[PDB]
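Listed here are the chains, written in short residue letters.
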Amino acid sequence: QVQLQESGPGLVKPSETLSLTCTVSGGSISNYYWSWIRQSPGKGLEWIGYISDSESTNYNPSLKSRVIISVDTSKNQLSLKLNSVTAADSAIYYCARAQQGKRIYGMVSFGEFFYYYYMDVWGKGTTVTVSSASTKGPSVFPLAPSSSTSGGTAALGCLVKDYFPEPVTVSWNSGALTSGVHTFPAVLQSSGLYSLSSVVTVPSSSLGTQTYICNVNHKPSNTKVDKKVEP
Amino acid sequence: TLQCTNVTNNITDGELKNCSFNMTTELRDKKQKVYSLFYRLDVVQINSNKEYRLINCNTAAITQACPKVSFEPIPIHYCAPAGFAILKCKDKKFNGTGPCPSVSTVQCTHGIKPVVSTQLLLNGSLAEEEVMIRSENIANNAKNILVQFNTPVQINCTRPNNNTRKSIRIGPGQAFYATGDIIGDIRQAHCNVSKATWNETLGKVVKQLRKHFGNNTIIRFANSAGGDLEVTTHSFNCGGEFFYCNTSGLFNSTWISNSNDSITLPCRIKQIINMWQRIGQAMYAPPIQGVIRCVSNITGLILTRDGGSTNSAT
Amino acid sequence: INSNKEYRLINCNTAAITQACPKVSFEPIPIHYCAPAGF
Amino acid sequence: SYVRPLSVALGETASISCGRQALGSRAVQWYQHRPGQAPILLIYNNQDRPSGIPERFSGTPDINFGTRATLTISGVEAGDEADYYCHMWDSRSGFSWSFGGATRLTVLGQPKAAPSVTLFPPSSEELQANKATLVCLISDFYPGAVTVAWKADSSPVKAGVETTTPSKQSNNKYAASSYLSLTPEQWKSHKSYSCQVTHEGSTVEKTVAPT
Ligand SMILES: *[C@@H]1O[C@H](CO)[C@@H](O[C@@H]2O[C@H](CO)[C@@H](O[C@@H]3O[C@H](CO[C@H]4O[C@H](CO[C@H]5O[C@H](CO)[C@@H](O)[C@H](O)[C@@H]5O[C@H]5O[C@H](CO)[C@@H](O)[C@H](O)[C@@H]5O)[C@@H](O)[C@H](O[C@H]5O[C@H](CO)[C@@H](O)[C@H](O)[C@@H]5O)[C@@H]4O)[C@@H](O)[C@H](O[C@H]4O[C@H](CO)[C@@H](O)[C@H](O)[C@@H]4O[C@H]4O[C@H](CO)[C@@H](O)[C@H](O)[C@@H]4O[C@H]4O[C@H](CO)[C@@H](O)[C@H](O)[C@@H]4O)[C@@H]3O)[C@H](O)[C@H]2NC(C)=O)[C@H](O)[C@H]1NC(C)=O
Ligand SMILES: *[C@@H]1O[C@H](CO)[C@@H](O[C@@H]2O[C@H](CO)[C@@H](O[C@@H]3O[C@H](CO[C@H]4O[C@H](CO[C@H]5O[C@H](CO)[C@@H](O)[C@H](O)[C@@H]5O)[C@@H](O)[C@H](O)[C@@H]4O)[C@@H](O)[C@H](O[C@H]4O[C@H](CO)[C@@H](O)[C@H](O)[C@@H]4O[C@H]4O[C@H](CO)[C@@H](O)[C@H](O)[C@@H]4O[C@H]4O[C@H](CO)[C@@H](O)[C@H](O)[C@@H]4O)[C@@H]3O)[C@H](O)[C@H]2NC(C)=O)[C@H](O)[C@H]1NC(C)=O
Ligand SMILES: *[C@@H]1O[C@H](CO)[C@@H](O[C@@H]2O[C@H](CO)[C@@H](O[C@@H]3O[C@H](CO[C@H]4O[C@H](CO)[C@@H](O)[C@H](O)[C@@H]4O)[C@@H](O)[C@H](O[C@H]4O[C@H](CO)[C@@H](O)[C@H](O)[C@@H]4O[C@H]4O[C@H](CO)[C@@H](O)[C@H](O)[C@@H]4O[C@H]4O[C@H](CO)[C@@H](O)[C@H](O)[C@@H]4O)[C@@H]3O)[C@H](O)[C@H]2NC(C)=O)[C@H](O)[C@H]1NC(C)=O
Ligand SMILES: *[C@@H]1O[C@H](CO)[C@@H](O[C@@H]2O[C@H](CO)[C@@H](O[C@@H]3O[C@H](CO[C@H]4O[C@H](CO)[C@@H](O)[C@H](O[C@H]5O[C@H](CO)[C@@H](O)[C@H](O)[C@@H]5O[C@H]5O[C@H](CO)[C@@H](O)[C@H](O)[C@@H]5O)[C@@H]4O)[C@@H](O)[C@H](O[C@H]4O[C@H](CO)[C@@H](O)[C@H](O)[C@@H]4O)[C@@H]3O)[C@H](O)[C@H]2NC(C)=O)[C@H](O)[C@H]1NC(C)=O
Ligand SMILES: *[C@@H]1O[C@H](CO)[C@@H](O[C@@H]2O[C@H](CO)[C@@H](O[C@@H]3O[C@H](CO[C@H]4O[C@H](CO)[C@@H](O)[C@H](O[C@H]5O[C@H](CO)[C@@H](O)[C@H](O)[C@@H]5O)[C@@H]4O)[C@@H](O)[C@H](O[C@H]4O[C@H](CO)[C@@H](O)[C@H](O)[C@@H]4O)[C@@H]3O)[C@H](O)[C@H]2NC(C)=O)[C@H](O)[C@H]1NC(C)=O
Ligand SMILES: *[C@@H]1O[C@H](CO)[C@@H](O[C@@H]2O[C@H](CO)[C@@H](O[C@@H]3O[C@H](CO[C@H]4O[C@H](CO)[C@@H](O)[C@H](O[C@H]5O[C@H](CO)[C@@H](O)[C@H](O)[C@@H]5O[C@H]5O[C@H](CO)[C@@H](O)[C@H](O)[C@@H]5O)[C@@H]4O)[C@@H](O)[C@H](O)[C@@H]3O)[C@H](O)[C@H]2NC(C)=O)[C@H](O)[C@H]1NC(C)=O
Ligand SMILES: *[C@@H]1O[C@H](CO)[C@@H](O[C@@H]2O[C@H](CO)[C@@H](O[C@@H]3O[C@H](CO)[C@@H](O)[C@H](O)[C@@H]3O)[C@H](O)[C@H]2NC(C)=O)[C@H](O)[C@H]1NC(C)=O
Ligand SMILES: *[C@@H]1O[C@H](CO)[C@@H](O[C@@H]2O[C@H](CO)[C@@H](O)[C@H](O)[C@H]2NC(C)=O)[C@H](O)[C@H]1NC(C)=O
Ligand SMILES: *[C@@H]1O[C@H](CO)[C@@H](O[C@@H]2O[C@H](CO)[C@@H](O)[C@H](O)[C@H]2NC(C)=O)[C@H](O)[C@H]1NC(C)=O
Ligand SMILES: *[C@@H]1O[C@H](CO)[C@@H](O)[C@H](O)[C@H]1NC(C)=O
């Protein structure tokens, strides 16, 4: 019953300060504790540190130079800023929700424990890499049906070619349809830009003209684009 | 000189050490470095990365006890010969000295087990009575006190580390018993007492001494406040390594005008001891491997007053 | 153990040695064991 | 450092090893990882497990020293495909800041899924942009091991030859695309064009032509 989503504006220049916040709509956050983790393709997951309602902080050995994270009480959520990012810090990051248990090898006073920190429910995640690139919006072209296999079924999709990161909405008719959906993640090019395609399977009796509209967004470019496809 | 610093642990609780170090092999010019695990008290520093020296190296030699021999105490019956005879007294309320009205003839002691213990006695004889106990002369502080019970209460001293060991050969026939890797948790030496029985056996030790300082007078208690490391704390043997616990929880009460709640008492373990207050060749106690656990039967204690202050006030 | 070459003394492995004094000799002589008075 | 591999047969259950083996009493967390999306969680103590997870997996409880964390993955399916991380917390080691090494699994014993191709020419207004390019699509094919080739009739292309490597949906089978930088000039200059894959040891792969 506790939920997630993380907000990255995009990619900030080298030798600079990150900004990411991940809001939660579940309950009271001054009662528990939500950390960070990092996926990076071609390398393993890694966890980096945390802090408390009673403000007791911690960093990760390789990374403690300039990670600092302080969180707000009015807005129940966390706010992480770094300084001086390299190309390597390119990654999707999940705000990670840590539930603590005790353990103990015996009886408290003696000394008697490390505490483990295990992590319940986290977020879909928001994507941020890093390179010195600006912002531009995609290209929007329609690729009509074939007139595919025997009726019923046929095919049709939208093309989006030249856009800054792959992570872009592409809804159809504001999500009115989800049957037969398959949006392909894109292919990187020598020019340096993802190029995606996304297609739904239709029947030839379904034809034709019942207002299929392809709806794509992209925030760093702040572009809102729909495009009407037709044979 | 055999360099080491602290043992692997999250920095919590001179727990122990782990030195790596020169040694002579069976062959003479041949040498070798190997490692072992000592305790804070066996070694003392001088100068680098860092490294200390063995506490006794200062003043005395050492011969390690053969682990083939064991120091579990057994009953000993001392015997007077023909041409003589021992004799026993046999009234329960007898105090330290005086003629005994009830007397019966023995020639050899009952089974006395020579327990090596400082400040307390246990697994000893127990009088059918209420624990009445004597000095050389109570009026003076300097001469000790020697309690012993009427119903014993249990004592189980513990350290739950499974030590490992390794025979290594110093030379022709000489094999030194190095302590090896610890496998499992890190755990300190301690000892349990349920106060429920302690404070009530205490309770009867409370009232009887009264018959010598008036039935209306203060009494007192806290921890030992004088002497060396070995006797200020409970020196004894359990299974092959010797203990030294501050008896802090115990000496904790004032009783004037007449759920398990088990005491737990931290101890440190020794290996090289100049016993019986005798300087000279020390003994190195070989370790003990695996768990340890020793039950026990408190029978008595030894005490000494502190002397000069206001009479009968406090 | 290992060069040109060189070995080590078979016992060095496990025990010490005290050489017999050549002043003493191990030529055996007759011994008459004796039971005492009372036996 | 990186991935290390373990393979099991479909239907049947097997082991899992772990690095980093503990020194004292244990309390190891798991994390089920899926490339791109959230790493779920299967246990938090070697004994119990969060809610909503099938009651199958279970680490080995710290009963005595001698145990070494191990799991056994009953009712195997393609859904169990992932990489997971053996995060350690023992008695005397300090704060454990790295996870366990990434660990491979692929399920073996699910025979193959043939791909299915689509092919739909440049836009009716890409032509005007002075650029033109069409891309193959394929669907639902296991394994994700396929090479594609593009075909000027009686001559391959070897130009604008970049494609995804097979990545995979929520159907548990993989998908892929292959893009084709071209110009509207040679687009009409030619009768037709192809882009035909080589999954398995099989073909099925047709073409397209200008209006
Ligand atoms: C001398 O006098 C001394 C003074 O009295 C005396 O000291 C005692 O020493 C012994 C050892 O020498 C100590 O024994 C250990 O005790 C550990 C702790 O046990 C206590 O704490 C747990 C934890 O309680 C939290 O969690 C439970 C579980 O959900 C909750 O229900 C609780 O509400 C509680 O949660 C709240 O509190 C937390 C703070 O603790 C908060 O963080 C939290 O947010 C919540 O607010 C309790 O569960 C224990 O209760 C059980 O045990 C007692 C007896 O100890 C029973 O009376 C009781 O009915 C319950 O059965 C207890 O309160 C133990 O964890 C430890 O045992 C584990 O470790 C050893 C070695 O590491 C393993 O070999 C062993 O197998 C145990 O591992 C099990 O548990 C772990 C962790 O859960 C699992 O990962 C693992 O799989 C394994 O599971 C198995 O057992 C599970 C149950 O244990 C079971 O669920 C599984 O299915 C599986 O079967 C060890 O025994 C003892 O603590 C000292 N006493 C005191 C008071 O501290 C000494 O004995 C005397 N004698 C001497 C020295 O000779
Ligand atoms: C007190 O002070 C002392 C100082 O004197 C301390 O002593 C030192 O303690 C450290 C502990 O960190 C030791 O380091 C360890 O040395 C190991 C020696 O490597 C051996 O193996 C090499 C190759 O393997 C051969 O032998 C194995 C059997 O061992 C055999 O199976 C195999 O087929 C092959 O024949 C060989 O080349 C060497 O010569 C040795 O024979 C070394 O392996 C250890 O590496 C560990 O730890 C590092 C730490 O970062 C890891 O990164 C490594 O990956 C490796 O990980 C181990 O655990 C993994 C699981 O988590 C396994 O996957 C690894 O393979 C490896 O496990 C092996 O061994 C296990 C049994 O122990 C098996 O279960 C596995 O299957 C593997 O076989 C490590 O570096 C010092 O050597 C030691 N020095 C001395 C002089 O003693 C002492 O610790 C101190 N004590 C205290 C309490 O503080
Ligand atoms: C200092 O330390 C000492 C020593 O630790 C402490 O003193 C000890 O305290 C113990 C109490 O906690 C006590 O032993 C226990 O006895 C219990 C029985 O008492 C209860 O039941 C009886 C009736 O049966 C009542 O009369 C009584 O009032 C109580 O209600 C046991 O339940 C205890 O644990 C079980 O496990 C232990 C192992 O630790 C076994 O040894 C024990 O016997 C118990 O049961 C198993 O074993 C018996 C046979 O031994 C079986 O019949 C039974 O079914 C169980 O099955 C196992 O074994 C069988 C094989 O027989 C096998 O088929 C099966 O599969 C199982 O494997 C516990 O044993 C000690 O006597 C006592 N010691 C002394 C010297 O007094 C002291 O308090 C400490 N002091 C301080 C201050 O801390
Ligand atoms: C056997 O086992 C028993 C069981 O414990 C031991 O008993 C202990 O013995 C030691 C002897 O070494 C006793 O230590 C002496 O304690 C006094 C008091 O400490 C004061 O001074 C220090 C500065 O040195 C302060 O920092 C202390 O601060 C406490 O109080 C203030 C508030 O007043 C607080 O801010 C602190 O955080 C701390 O409070 C916390 O704990 C207290 C309870 O302890 C609690 O009330 C509070 O809310 C907090 O939780 C304190 O004011 C100390 O002055 C002596 O000084 C000697 O050492 C210092 C260096 O540390 C030198 O400056 C000085 O000149 C002396 O050389 C002693 O350290 C200890 O009290 C005692 N404990 C008990 C429970 O009896 C035995 O010693 C053990 N025996 C062996 C042989 O191992
Ligand atoms: C116990 O107390 C004693 C008291 O001193 C401690 O003393 C140590 O003694 C030894 C030997 O006397 C010292 O050895 C030194 O080694 C260094 C560097 O050695 C490295 O490089 C060598 C080549 O330069 C190489 O030969 C070495 O080993 C090779 O070969 C062996 C097999 O034979 C193989 O195992 C190795 O892997 C190598 O293949 C090694 O790689 C050396 O520089 C020292 O300097 C001496 O010699 C140089 C000339 O070379 C000279 O200029 C110097 O003045 C000096 O005379 C020396 O050879 C050791 O360093 C001493 N300890 C310390 C801390 O320095 C002893 O260690 C204590 N514990 C024990 C013995 O367990
Ligand atoms: C305090 O700390 C000590 C540690 O010193 C503990 O002592 C240990 O207790 C455990 C009990 O849990 C003992 O295990 C038992 O061993 C006996 C006898 O072992 C035989 O049978 C077992 C199978 O049951 C088998 O594993 C043994 O075989 C060895 O050699 C085989 C090759 O021939 C190999 O296949 C096998 O796996 C094992 O070797 C392995 O280990 C070595 C390194 O250790 C490795 O190099 C090798 O490649 C192998 O991996 C043997 O045939 C069994 O009957 C029992 O079932 C149980 O397994 C330990 O033996 C024991 N260790 C010592 C040193 O004593 C204390 O219990 C502990 N106590 C407390 C209270 O905490
Ligand atoms: C790990 O080993 C180090 C030693 O290398 C331990 O550090 C030691 O810490 C104590 C204090 O905790 C220092 O004691 C000091 O003694 C002087 C008098 O000698 C006193 O005036 C100080 O107030 C203090 O008590 C000791 O010097 C220091 N050792 C050093 C610096 O070499 C450390 O404590 C060990 N770890 C644990 C958990 O104990
Ligand atoms: C420990 O004390 C008891 C008496 O408190 C000694 O005698 C034991 O008494 C209990 C009942 O009180 C009996 O169940 C035991 O069988 C008795 N044991 C023996 C050996 O007689 C006991 O001897 C003491 N333990 C010692 C001396 O090791
Ligand atoms: C009696 O002695 C015990 C120690 O054996 C003292 O216990 C301390 O009590 C406080 C609670 O106020 C605990 O937080 C400490 O942990 C205890 N200390 C230890 C070492 O356990 C107790 O204060 C003493 N009482 C008197 C009046 O002397
Ligand atoms: C009564 O108490 C006083 C001090 O309180 C003491 O001096 C006196 O000896 C006591 N009398 C007896 C009979 O114990």
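Thresholds applied
Residues numbered from 1 in each chain as written, not as in the entry; some residues may be left out. Chains lettered and ligands numbered in written order. Part of a larger assembly, values for the part shown. Heavy atoms only, no water. Residues with missing side-chain atoms left out of burial classes, pairs and counts. Contact = heavy atoms within 4.5 Å. Pairing = 2+ DSSP bridges. Helix = DSSP H or I, 4+ residues; strand = E, 2+ residues; numbered from the N terminus. Axes fitted to C-alpha atoms, helices over the stretch in contact; angles between N-to-C directions. Buried area = accessible area lost by both parts, 1.4 Å probe. Salt bridge = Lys/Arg side-chain N within 4 Å of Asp/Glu carboxyl O. Polar contact = N/O pair within 3.5 Å; in protein donor to acceptor, adjacent residues only side chain to side chain. Nonpolar A, V, L, I, M, F, W, Y, C, P; charged D, E, K, R; others polar. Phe/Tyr/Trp six-rings, centres within 6.5 Å; stacked < 30°, edge-to-face > 60°. Buried < 20%, exposed > 50% of the residue type's maximum accessible area, 1.4 Å probe, protein only. Disulfide = S-S within 2.5 Å.

As recorded in the entry header, the structure was determined using X-ray crystallography to a resolution of 2.907 Å.

Going by the annotation in the PDB entry, the name recorded for chain A is Antibody 3H+109L Fab heavy chain, with Homo sapiens given as the source organism.

Caption draft 1: View of the arrangement of the chains. For the four pairs of chains in contact, the maximum contact count is reached by chains A and D. You won't find any contact between chain A and chain C; their C-alpha atoms come no closer than 43 Å.

Caption draft 2: Looking closely at the sheet that holds strand 19 (residues 298-303) of chain B. Residues and elements named next belong to chain B. Taking strand neighbours across the sheet as the criterion, the three strands line up as 8-19-9 in an open arrangement whose pairing is antiparallel. Looking at strand neighbours, the two that pair on one side only are strand 8 (120-122) and strand 9 (145-148), the edges of this open sheet. When strand polarity is set aside, the average angle formed by the axes of neighbouring strands in this sheet is 15 degrees. Judged from the four bridges that link them, strand 9 and strand 19 form a sheet pairing that is antiparallel. What sits directly across from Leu 146, in strand 19, is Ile 302.

Caption draft 3: View of the interface of chain C and chain B. With six residues of chain C in contact, the opposing surface of chain B contributes six residues. Interface area for chain C against chain B, summed over the two sides, is near 440 Å², with a carbon-plus-sulfur share of 58%. For the chain C face of the interface with chain B, the top three residues by lost area are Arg8(C), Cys12(C) and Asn13(C), together amounting to 62%. Applying the counting criterion to the chain C and chain B interface returns zero salt bridges. Scanning the region where chain C abuts chain B turns up zero residue pairs in polar contact. When its residues are assigned to classes, the side of chain C that touches chain B shows three nonpolar, two polar and one charged.

Caption draft 4: View of the packing of aromatic side chains. Inspection of every chain in the model, using the stated rule, returns 18 aromatic pairs over all chains. Aromatic pair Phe113(A) and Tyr115(A): ring centres 4.4 Å apart, planes at 50 degrees, arrangement tilted. Ring centres of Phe95(D) and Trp97(D) lie 4.9 Å apart, and the angle between their planes is 45 degrees; this geometry places the pair in the tilted category. Classification of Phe95(D) by relative accessible area gives partly exposed; the value is 42%. Judged by relative accessible area, which is 10%, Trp97(D) ranks as buried.

Caption draft 5: Main features of the interface of chain A and chain D. Listed per partner, the contact involves 43 residues of chain A and 43 residues of chain D. Across the chain A to chain D interface the summed buried area is about 3600 Å²; carbon plus sulfur atoms make up 67%. Applying the counting criterion to the chain A and chain D interface returns one salt bridge. A salt bridge links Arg103(A) to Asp62(D); its shortest N-O distance comes to 2.5 Å. The interface formed by chain A and chain D holds eight residue pairs in polar contact in total. Breaking the side of chain A that touches chain D down by element, the ones donating at least two residues are strand 3 (34-40), strand 4 (43-47), strand 8 (116-119), strand 10 (140-143), strand 11 (153-160), strand 13 (181-184) and strand 14 (196-203) of chain A.

Caption draft 6: Fine view of the environment of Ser167(D). Residue and element names in this part refer to chain D. Mapped onto the elements, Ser 167 comes out in strand 11 (residues 167-168). Look at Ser 167 and you get partly exposed, because its relative accessible area is 39%. It is 18 Å that separates the C-alpha atoms of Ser 167 and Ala 102, two residues lying 65 residues apart in sequence. The contacts of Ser 167, once residues within four sequence positions are left out, are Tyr 174 and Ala 175.

Caption draft 7: Spotlight on the environment of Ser191(A). Residue and element names in this part refer to chain A. By secondary structure assignment, the location of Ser 191 is in the loop between strand 13 and strand 14. Here the alpha-carbon distance between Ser 191 and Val 202, two residues 11 residues apart in the chain, equals 33 Å. A polar atom in the side chain of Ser 191 sits 2.9 Å from the side chain of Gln 189.

Caption draft 8: Highlighting the state of the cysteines. Residues and elements named next belong to chain B. If you walk through the whole model with that rule in mind, you get 10 disulfides over all chains. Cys 157 shares a disulfide with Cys 191; S-S distance 2.1 Å. Disulfide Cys 157-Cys 191: torsion about the S-S bond near -100 degrees, hence left-handed. Of this pair, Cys 157 sits in strand 10 (residues 156-158) while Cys 191 sits in strand 13 (residues 190-194), placing them 34 residues apart in sequence. For the pair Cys 157 and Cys 191, one class covers both residues: buried. For chain A, the bonded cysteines pair up as 1-2, 3-4 when numbered in the order they occur along the sequence. In this structure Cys 57 is a free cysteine whose sulfur lies 12 Å from that of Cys 19, the closest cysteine sulfur available. Take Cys 57: its relative accessible area is 48%, and that puts it in the partly exposed class.

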